[PDB]
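Protein chains in written order, with the authors' numbering: chain AP, 1 to 84; chain AD, 2 to 209; chain AT, 8 to 106; chain AQ, 2 to 101.
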Amino acid sequence: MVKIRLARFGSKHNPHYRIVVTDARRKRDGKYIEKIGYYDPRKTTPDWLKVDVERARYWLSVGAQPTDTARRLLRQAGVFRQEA
Amino acid sequence: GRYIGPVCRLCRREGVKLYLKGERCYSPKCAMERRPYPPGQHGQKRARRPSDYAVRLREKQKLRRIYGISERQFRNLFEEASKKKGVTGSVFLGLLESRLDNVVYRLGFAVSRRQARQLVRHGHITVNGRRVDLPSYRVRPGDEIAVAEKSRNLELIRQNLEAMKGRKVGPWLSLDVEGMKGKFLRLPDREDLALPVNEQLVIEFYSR
Amino acid sequence: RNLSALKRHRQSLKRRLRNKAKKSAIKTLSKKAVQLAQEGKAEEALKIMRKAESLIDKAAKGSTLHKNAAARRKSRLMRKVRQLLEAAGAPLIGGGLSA
Amino acid sequence: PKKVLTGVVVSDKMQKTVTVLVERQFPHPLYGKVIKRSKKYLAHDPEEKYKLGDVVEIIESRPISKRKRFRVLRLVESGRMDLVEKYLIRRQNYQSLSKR
RNA sequence: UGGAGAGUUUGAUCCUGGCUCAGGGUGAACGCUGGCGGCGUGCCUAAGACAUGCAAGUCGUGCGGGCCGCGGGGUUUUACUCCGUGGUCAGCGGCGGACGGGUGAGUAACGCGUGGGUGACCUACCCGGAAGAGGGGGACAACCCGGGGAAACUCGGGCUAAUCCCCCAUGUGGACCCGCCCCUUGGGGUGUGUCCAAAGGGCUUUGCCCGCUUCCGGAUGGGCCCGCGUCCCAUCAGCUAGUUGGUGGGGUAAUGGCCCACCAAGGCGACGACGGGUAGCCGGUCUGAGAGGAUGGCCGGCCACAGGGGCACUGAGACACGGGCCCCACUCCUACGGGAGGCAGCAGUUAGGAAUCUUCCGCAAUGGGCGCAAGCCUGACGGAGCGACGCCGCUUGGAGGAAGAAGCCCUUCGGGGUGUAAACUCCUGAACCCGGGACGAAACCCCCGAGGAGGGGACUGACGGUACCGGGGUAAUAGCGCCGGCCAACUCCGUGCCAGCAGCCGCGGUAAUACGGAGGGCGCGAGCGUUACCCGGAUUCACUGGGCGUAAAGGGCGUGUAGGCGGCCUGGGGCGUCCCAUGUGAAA
Numbered sequence: 001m002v003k004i005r006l007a008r009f010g011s012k013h014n015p016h017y018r019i020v021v022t023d024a025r026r027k028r029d030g031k032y033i034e035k036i037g038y039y040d041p042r043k044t045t046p047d048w049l050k051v052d053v054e055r056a057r058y059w060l061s062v063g064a065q066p067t068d069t070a071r072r073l074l075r076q077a078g079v080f081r082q083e084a
Numbered sequence: 002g003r004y005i006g007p008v009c010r011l012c013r014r015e016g017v018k019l020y021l022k023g024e025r026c027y028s029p030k031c032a033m034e035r036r037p038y039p040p041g042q043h044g045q046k047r048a049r050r051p052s053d054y055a056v057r058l059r060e061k062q063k064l065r066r067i068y069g070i071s072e073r074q075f076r077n078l079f080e081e082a083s084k085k086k087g088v089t090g091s092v093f094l095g096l097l098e099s100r101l102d103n104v105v106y107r108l109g110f111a112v113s114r115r116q117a118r119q120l121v122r123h124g125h126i127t128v129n130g131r132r133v134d135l136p137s138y139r140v141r142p143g144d145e146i147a148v149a150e151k152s153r154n155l156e157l158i159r160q161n162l163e164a165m166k167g168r169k170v171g172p173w174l175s176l177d178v179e180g181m182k183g184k185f186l187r188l189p190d191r192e193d194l195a196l197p198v199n200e201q202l203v204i205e206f207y208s209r
Numbered sequence: 008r009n010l011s012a013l014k015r016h017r018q019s020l021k022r023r024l025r026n027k028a029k030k031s032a033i034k035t036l037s038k039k040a041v042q043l044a045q046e047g048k049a050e051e052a053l054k055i056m057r058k059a060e061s062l063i064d065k066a067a068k069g070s071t072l073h074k075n076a077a078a079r080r081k082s083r084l085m086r087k088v089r090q091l092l093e094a095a096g097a098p099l100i101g102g103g104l105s106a
Numbered sequence: 002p003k004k005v006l007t008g009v010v011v012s013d014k015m016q017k018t019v020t021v022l023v024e025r026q027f028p029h030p031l032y033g034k035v036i037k038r039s040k041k042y043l044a045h046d047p048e049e050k051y052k053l054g055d056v057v058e059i060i061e062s063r064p065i066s067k068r069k070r071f072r073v074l075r076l077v078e079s080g081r082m083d084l085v086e087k088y089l090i091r092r093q094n095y096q097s098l099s100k101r
């Protein structure tokens, strides 16, 4: 199965995650498929909100799953939201 | 670590003096005037034929001596000159002087380069806001480099203020005697602010 | 010292028991089929065929001759059965057999 | 994009199986000039519709057998010989190199 | 937007031509010196051995239990049975243990890189959609009795369970066979005859949830194959009997001789087979004018392996690091009857070696396991530690201060040099106390709305009272190499082919700018040099970029096989060749 999740690429104490689709079985800091996000839980510069709205929506459609703080960042990205 | 010691012993080593120790190394001697010519035993024997490369090398030394730094970082940033495009050595001299210590110098804040390094490193000099340490901190076209809150309350600060007046700024270093500040501007060159070292020689020697 | 791969071991042993026994059953039934077939009488070989194919998708049912090999051996069985039938025999009794 | 090769059929030697003498051009990723080299693939001819020399077009196929890959499809031109002829001569001259 | 050379064979010159150096680079190591910090990186040799510690579990929304315990339910009570019920531990049971992780031994291979084929295939774990959950019945644990063993733990009869094992039914659909239909390598619809299903839990309980059975589709992964690219020895020239091919079967998920039967003799090679030597390939990295040369730690992709070799079972997935069996080798345990272990997982130990780390902290983040969740495991991972080990940042002070002290070296004894250097004068404030002080974390969870989309409510820090901010405040480690040409830096003693130096030329045979020492200078600066190792220079394997009259070098001449390479007109073809449009060339 496939999962969407957070992969760090920051310095020895400079965290910074990317939100990306990968078939779970792949390792943390490894290859993926669709570069569909990034986000920094430290709020470096006001750009810490990145999710590929379209194909993330369509990804959760095709039968994919997210992670924890991924649910968080999508309940902020609103890709979850239908607007109501 | 900036040699430290017999400094204007190089004021004579290069041959011609430089604004080095400040008031004195500009007063009736940078150790010059009195007797300018390289020290040592062979002090004045009968100057030989400096191989062409060595004229070049002595120029490199010369320039990095006036600029007050070891040639390590100097090397790295000369490479940064090669990379950051422009007629290499020119925009090199520029992106050399853009360094905060001597920005503080020619801005008329510090009397001498060493003194400058002290002042800046102790955050006596602030840069567009935060009291930036690091003598090696290049600024940008627009930034206003000031001093510290406890500097208007500092001494040889007011010395510098009063005794400097009647001296015009490096045409981009827009100071303040009114508030002790100073805007950064355009990139100066060989002629905006000149000095006694032929740049082409320096670059040609360096990258060999 | 210990683990849960002792549990995995013993389990694997039971699963192997059922697997082995059933697969063997399939093999023998098939052999019966060819016996009465190269003979030349459909009848009992039709009974054998029913039993066989059922056990075949009993193999597909779980972790034995999964999907193909089950079906593949259905094919090959009925095939090798059928050919020898019309050879000295009237292919009758519509069982696991079309026409 | 099932790769297909245009080549001179060599030796009907086997039944339902033909050897095919392909030859490709190439540059020289160091010296510029062009080069050329022959490759013998496994033409699948289940009814000997091919024979001595006749160039046919061969196909990237299901693994027909042991190295026996590369079926056929469209026959091209017959009455070739001459080519297969020269190749043959070269073969005999391979058996013209001995240290024994 | 990037490219320089000099030393060196002669009495002397030009050309030729090797040895040398200037250079950048390193997981380095060695002697000399060595302060704070960031980020990094740190067994390259023994794929030798490894003691200890940890590293794979989890679920009671799968099912019967022994044992600590409470109401003590029955006991009119007893002695203690037993409805309920908080907690431990095994079992059957279900998913994980085929991910994660370490290593370069093998492997010159379709392994890898790479572009595709699969009308030849496999794919549990989450989304789509249709079809669905009739009944009966069986086995073995745990546990009951008895025994043997040092331990490893072991045998026999006896017990009840279930999403555990089954048989008939229910059959959209699926599978086979035989037949038609379009397709055209087994693609797809379809007719007759047989076979295949299903398992129940939890409650807020009459309705929802978690799991279910069947097929079609999605998602991703993966096997199979193919074109091309992928190192030296031709003093390795012939290689071969499953070998080459078929037809017919086994086996596989399927293709294929991978395997068997049988039958036909091909299969391959100087375009460099077969064989020996050597190495995991790579995105790239360092060098380089460029082409090229080397190489592949860390990081990422793909391989293959667990002390060496063979094997199979389980399972959607493996010949399975920390699962089993076997053989050999090896240590290790015991009362000697007989046994256990595999750290090329994390630390650490040991030998090898000139060389390379704490038997540490946190599950607070991310990612993985399983669970309705609560939750637990998590040496993946997140961090502190030790090494100047590399890049970078920084400090050992800043201002005036002498026709210039003292000391020390040179002298033609007038002085010159170290030297603004010093002491002092003031200014600051490395270090270091007092105080305050973090970001790194909003979800899952609780309620409003239904558990749906949306709102509020609430727990969550290892790092560390560290980064950081405020006040206060002390002048406070500087060394290494060079100084004959290359090459910036010279005088003085001692030494007298002795002592020595040395990268090449050479330097010492009693006036040495080379040896030691001393003054002074060059360079570099928490660095300095040495050796090693690769690329450069080296246009010294020359493709941009070379040569063979006498310098290295034209075959003793012919002959002609293959190959290479070809005059001039026309048009067709469009193969190389150029262009046009996209897929791809992941990230870094």
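Just so it is clear, CB atoms sit at the ideal spot from N, CA and C, and this is done for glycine as well.
Tell me the residue span of the alpha helix (DSSP H) that contains residue i.
i	result
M82 (chain AQ)	No alpha helix (DSSP H) holds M82 (chain AQ); DSSP gives it neither H nor E.
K37 (chain AQ)	Element bounds for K37 (chain AQ): not the alpha helix (DSSP H) but the beta strand (DSSP E), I36 to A44.
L6 (chain AP)	Segment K3 to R8 is the beta strand (DSSP E) holding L6 (chain AP); no alpha helix (DSSP H) there.
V56 (chain AD)	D53 to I67
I55 (chain AT)	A49 to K68
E200 (chain AD)	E200 to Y207
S105 (chain AT)	Segment: none, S105 (chain AT) is in no alpha helix (DSSP H) and carries neither H nor E.
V41 (chain AT)	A12 to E46
Return helix, strand or coil for residue i, following the three-state DSSP convention.
i	result
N14 (chain AP)	strand
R72 (chain AQ)	coil
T7 (chain AQ)	strand
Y95 (chain AQ)	helix
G78 (chain AP)	coil
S12 (chain AQ)	strand
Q65 (chain AP)	strand
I19 (chain AP)	strand
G183 (chain AD)	strand
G2 (chain AD)	coil
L176 (chain AD)	strand
Kindly indicate the opening and closing residues of the beta strand (DSSP E) around residue i.
i	result
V19 (chain AQ)	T18 to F27
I146 (chain AD)	Element bounds for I146 (chain AD): n/a, residue is neither H nor E.
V57 (chain AQ)	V57 to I60
Between the alpha carbons of residue i and residue j, how many angstroms are there, rounded?
i	j	result
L101 (chain AD)	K3 (chain AP)	49 Å
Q93 (chain AQ)	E24 (chain AQ)	19 Å
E50 (chain AT)	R72 (chain AQ)	45 Å
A48 (chain AD)	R14 (chain AD)	12 Å
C9 (chain AD)	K22 (chain AD)	7 Å
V53 (chain AP)	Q76 (chain AP)	11 Å
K12 (chain AP)	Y38 (chain AP)	18 Å
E150 (chain AD)	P189 (chain AD)	29 Å
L74 (chain AQ)	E60 (chain AT)	40 Å
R63 (chain AQ)	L98 (chain AQ)	38 Å
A28 (chain AT)	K58 (chain AT)	15 Å
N103 (chain AD)	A117 (chain AD)	7 Å
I90 (chain AQ)	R81 (chain AQ)	15 Å
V133 (chain AD)	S83 (chain AD)	27 Å
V203 (chain AD)	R59 (chain AD)	9 Å
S37 (chain AT)	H73 (chain AT)	17 Å
Comparing alpha-carbon positions, which option in the options lies nearest residue i?
i	options	result
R18 (chain AP)	AP:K12, AP:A24, AP:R25 and AP:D29	AP:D29
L76 (chain AQ)	AQ:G54, AQ:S97 and AQ:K100	AQ:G54
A44 (chain AQ)	AQ:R91, AQ:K14, AQ:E78 and AQ:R70	AQ:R70
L11 (chain AD)	AD:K46, AD:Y54 and AD:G69	AD:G69
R114 (chain AD)	AD:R66, AD:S208 and AD:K61	AD:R66
Completely contained beta strand (DSSP E) runs for the region 94-132 of chain AD, where each covers 3 or more residues: Qualifying beta strand (DSSP E) stretches: none in this window.
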